[PDB]
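To start, the structure under review is shown below, and the notes come after it.
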Amino acid sequence: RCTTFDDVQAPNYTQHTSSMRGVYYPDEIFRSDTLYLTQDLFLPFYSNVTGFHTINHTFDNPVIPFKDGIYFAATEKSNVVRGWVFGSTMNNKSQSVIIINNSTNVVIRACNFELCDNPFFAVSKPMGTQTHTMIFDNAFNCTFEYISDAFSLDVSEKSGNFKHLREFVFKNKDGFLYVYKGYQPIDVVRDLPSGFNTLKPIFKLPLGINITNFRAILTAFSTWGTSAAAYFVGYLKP
Amino acid sequence: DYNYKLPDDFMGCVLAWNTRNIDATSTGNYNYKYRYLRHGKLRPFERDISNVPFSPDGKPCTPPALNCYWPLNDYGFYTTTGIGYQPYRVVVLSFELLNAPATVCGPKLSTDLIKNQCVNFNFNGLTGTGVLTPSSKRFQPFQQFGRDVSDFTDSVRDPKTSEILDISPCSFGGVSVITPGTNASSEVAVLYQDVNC
Ligand SMILES: *[C@@H]1O[C@H](CO)[C@@H](O)[C@H](O)[C@H]1NC(C)=O
Ligand SMILES: *[C@@H]1O[C@H](CO)[C@@H](O)[C@H](O)[C@H]1NC(C)=O
Ligand SMILES: *[C@@H]1O[C@H](CO)[C@@H](O)[C@H](O)[C@H]1NC(C)=O
Ligand SMILES: *[C@@H]1O[C@H](CO)[C@@H](O)[C@H](O)[C@H]1NC(C)=O
Ligand SMILES: *[C@@H]1O[C@H](CO)[C@@H](O)[C@H](O)[C@H]1NC(C)=O
């Protein structure tokens, strides 16, 4: 169902610096103690990364343009930002892959989804349990189907600095959505922290879909509330 | 090609065959369509299933208004037509040169690996030759070819046993030959192998 909350506060677009991030293994080739040049889509050092800070009033998930490839980060201690849509017009006619984790397993399923303007997970704030999902209702003319390997996830509220930091890279390239992954522990309130971290591939998804826009999917803590958890979006350039 | 684009970079096999008997019905075959108008072009291995009502300017439409066309074509067939208008079922076999753990074999029986120098090793996509030798190289599990300074594959993780081994080539070099005077003596020219003995 297309349930939108009433008070939707606009993002202030607090820019941050992609200090030493967005570096991934460019190919499946082991190289030992060498210097190697690469012409590929990378995140440039010290680029403008649009922050998205979620507070009790601010609910950050705009329809962000994809533009040849994105970097993604998410400062987490409650693992809130679990979910990615990659659509053309974010409506029913266009093709949209939906990469989501429903806290037991990651499910990738591309179809012609009637995208709601406000996807959310009805999770209680003191309890911290996923009750339902209302992301998709109709799925006609479905292309792609995938279910990954299972792993546990914690949902409930914490308070303080961030323990987790999921760092993702999405490249649309000949219809193959290359997805990368890295992780390191941090300690920060709102800034995308400076530091070097290398990302590793997980999915070469044979989609073949027009990806021009995207939107993350948030875990609301239910009249709504969100815990302190920010995410970051950069752009990849050749 | 404006509907299905195959790139110059990545490439596979294109397979077409005639279906005058099956698809080319004598009365018509209007199950198959294709777009003939679209804003811009399509990227390779990328398509648009959606039946968006086309306009040349970019405004949304409702047909049959001025310059509001449907993108799809009434693309019929008849068995009485010529060979140039017959339907052809085309299967495009794109491959992966991106050497992940392999799927297709094209089956040969797989022998046992040996530490012996000079083996014609044929791994998944490496028809090289050389010296299989086990190595202490680390290999994060999403990479399985090792290269050292250049083009040549230095080390491979074995596809059966996941054993990490580096490849040395067949121990080549130049042969040099000492001779004294052939008028002095035709006695044995002693040699060089620029190799471990
Ligand atoms: C975006 O980055 C450019 C340099 O790449 C910089 O000049 C500009 O000030 C940045 N925009 C901000 C910080 O809003
Ligand atoms: C949602 O979770 C179930 C089990 O909890 C599992 O099948 C999968 O991770 C998801 N199923 C979907 C998205 O249909
Ligand atoms: C799905 O797409 C096919 C063509 O690809 C079309 O014939 C069919 O009507 C579509 N389904 C709908 C619009 O429900
Ligand atoms: C994707 O679709 C949008 C509008 O639906 C269009 O502007 C854009 O050119 C398309 N991209 C490609 C690569 O076809
Ligand atoms: C299959 O793989 C396992 C390890 O992944 C290996 O121990 C086993 O020998 C392989 N099977 C055969 C028939 O070699």
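Labels used: A, B, ... for chains in the order of the structure tokens, numbers from 1 for residues in each chain, and numbers from 1 for ligands as shown.
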Per-residue nearest contacts of chain A to chain B (8 Å; only C-alpha atoms) as CSV:
```
residue,atom,partner,partner_atom,distance
A:27,CA,B:143,CA,7.8
A:28,CA,B:143,CA,4.2
A:29,CA,B:145,CA,5.1
A:30,CA,B:146,CA,4.2
A:31,CA,B:147,CA,5.5
A:32,CA,B:148,CA,6.5
A:34,CA,B:149,CA,7.1
A:93,CA,B:50,CA,5.6
A:94,CA,B:50,CA,6.1
A:95,CA,B:50,CA,7.7
A:174,CA,B:45,CA,5.3
A:175,CA,B:45,CA,5.4
A:200,CA,B:142,CA,7.7
A:201,CA,B:142,CA,7.1
A:208,CA,B:46,CA,4.2
A:209,CA,B:46,CA,5.7
A:210,CA,B:46,CA,6.8
```
Given the selection you just returned, output its residues as a file containing N, CA and C atoms, formatted as a compact mmCIF listing (two decimals), in the first residue's frame.
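So part31.txt came out as:
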```
# COMPACT_ATOMS: atom_id res chain seq x y z
N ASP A 27 39.09 -6.52 -10.35
CA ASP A 27 38.89 -7.78 -11.05
C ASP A 27 39.29 -8.93 -10.14
N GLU A 28 39.01 -10.14 -10.61
CA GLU A 28 39.20 -11.35 -9.82
C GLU A 28 40.62 -11.89 -9.95
N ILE A 29 41.61 -11.02 -9.85
CA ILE A 29 42.99 -11.37 -10.15
C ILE A 29 43.83 -11.07 -8.92
N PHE A 30 44.54 -12.07 -8.42
CA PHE A 30 45.40 -11.84 -7.27
C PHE A 30 46.68 -11.15 -7.71
N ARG A 31 47.02 -10.06 -7.02
CA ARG A 31 48.25 -9.35 -7.26
C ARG A 31 48.95 -9.13 -5.93
N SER A 32 50.23 -9.48 -5.88
CA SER A 32 50.98 -9.49 -4.64
C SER A 32 52.13 -8.51 -4.71
N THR A 34 52.52 -5.07 -5.53
CA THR A 34 52.78 -4.41 -6.80
C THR A 34 51.89 -3.18 -6.90
N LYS A 93 5.32 1.04 -14.65
CA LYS A 93 5.64 0.57 -16.00
C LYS A 93 7.13 0.24 -16.12
N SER A 94 7.98 0.93 -15.38
CA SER A 94 9.41 0.79 -15.54
C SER A 94 9.93 -0.46 -14.83
N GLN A 95 11.10 -0.92 -15.25
CA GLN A 95 11.75 -2.05 -14.61
C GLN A 95 12.55 -1.58 -13.41
N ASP A 174 26.76 -3.00 -18.87
CA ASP A 174 26.23 -4.00 -19.81
C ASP A 174 25.12 -4.84 -19.17
N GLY A 175 24.25 -4.17 -18.42
CA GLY A 175 23.15 -4.86 -17.77
C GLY A 175 23.55 -5.73 -16.60
N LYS A 200 34.88 -5.68 -1.69
CA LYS A 200 34.97 -6.98 -2.34
C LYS A 200 33.65 -7.33 -3.02
N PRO A 201 33.70 -8.00 -4.17
CA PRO A 201 32.49 -8.25 -4.96
C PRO A 201 31.64 -9.36 -4.37
N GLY A 208 19.93 -6.24 -16.94
CA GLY A 208 19.62 -5.67 -18.24
C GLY A 208 18.58 -4.58 -18.20
N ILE A 209 18.42 -3.92 -17.06
CA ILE A 209 17.35 -2.95 -16.87
C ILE A 209 17.93 -1.54 -16.91
N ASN A 210 17.09 -0.58 -17.29
CA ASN A 210 17.47 0.83 -17.31
C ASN A 210 17.44 1.34 -15.87
```
Applying 10 Å and only C-alpha atoms, which residues near residue 214 (chain A) remain after dropping the ones on its own chain fewer than 5 positions away? List them as a short mmCIF file (atom, residue, chain, number, x, y, z; two decimals) with N, CA and C atoms, in the first residue's frame.
```cif
data_model
loop_
_atom_site.label_atom_id
_atom_site.label_comp_id
_atom_site.auth_asym_id
_atom_site.auth_seq_id
_atom_site.Cartn_x
_atom_site.Cartn_y
_atom_site.Cartn_z
N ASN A 61 14.91 9.69 2.34
CA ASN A 61 15.02 8.80 1.19
C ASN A 61 14.47 9.44 -0.08
N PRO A 62 15.21 10.38 -0.69
CA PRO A 62 14.72 10.98 -1.93
C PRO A 62 14.99 10.07 -3.12
N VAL A 63 14.39 10.38 -4.26
CA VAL A 63 14.68 9.63 -5.48
C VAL A 63 15.97 10.19 -6.06
N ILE A 64 17.07 9.49 -5.81
CA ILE A 64 18.40 10.00 -6.15
C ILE A 64 18.76 9.49 -7.54
N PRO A 65 19.33 10.32 -8.42
CA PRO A 65 19.78 9.81 -9.72
C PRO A 65 20.97 8.88 -9.57
N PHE A 66 20.98 7.83 -10.39
CA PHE A 66 22.03 6.83 -10.34
C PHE A 66 23.32 7.30 -11.00
N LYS A 67 23.26 7.68 -12.28
CA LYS A 67 24.33 8.35 -13.01
C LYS A 67 25.63 7.57 -13.05
N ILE A 70 27.14 4.37 -8.35
CA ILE A 70 27.10 5.05 -7.07
C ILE A 70 27.99 4.33 -6.07
N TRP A 84 17.35 -1.54 -1.29
CA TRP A 84 17.72 -0.72 -2.43
C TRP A 84 16.78 -1.02 -3.58
N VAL A 85 16.27 0.05 -4.19
CA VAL A 85 15.49 -0.06 -5.42
C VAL A 85 16.29 0.65 -6.49
N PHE A 86 16.34 0.07 -7.70
CA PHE A 86 17.04 0.70 -8.82
C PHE A 86 16.07 0.74 -10.00
N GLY A 87 15.35 1.86 -10.12
CA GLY A 87 14.33 2.00 -11.13
C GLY A 87 14.67 3.04 -12.19
N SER A 88 13.84 3.06 -13.23
CA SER A 88 13.97 4.05 -14.29
C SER A 88 13.16 5.30 -13.99
N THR A 89 11.85 5.13 -13.79
CA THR A 89 10.97 6.22 -13.40
C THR A 89 10.34 6.02 -12.03
N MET A 90 10.68 4.92 -11.34
CA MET A 90 10.16 4.55 -10.02
C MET A 90 8.63 4.44 -10.02
N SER A 96 12.38 -2.28 -12.29
CA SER A 96 13.01 -1.87 -11.04
C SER A 96 13.47 -3.11 -10.30
N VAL A 97 14.76 -3.24 -10.08
CA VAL A 97 15.26 -4.30 -9.22
C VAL A 97 15.17 -3.83 -7.78
N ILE A 98 14.82 -4.75 -6.88
CA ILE A 98 14.65 -4.45 -5.47
C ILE A 98 15.58 -5.39 -4.70
#
```
Residues within 6 Å of ligand 2 (only C-alpha atoms and all ligand atoms), as a list in words? residues 102, 104, 105, 106 and 107 of chain A
Counting only C-alpha atoms and all ligand atoms, the residue of A:81, A:122, A:20, A:142 that sits nearest ligand 3: A:142
Would you list the residues that come within 7 Å of ligand 1? Count only C-alpha atoms and all ligand atoms and give the answer as an MDAnalysis selection string. chainID A and resid 15 47:48
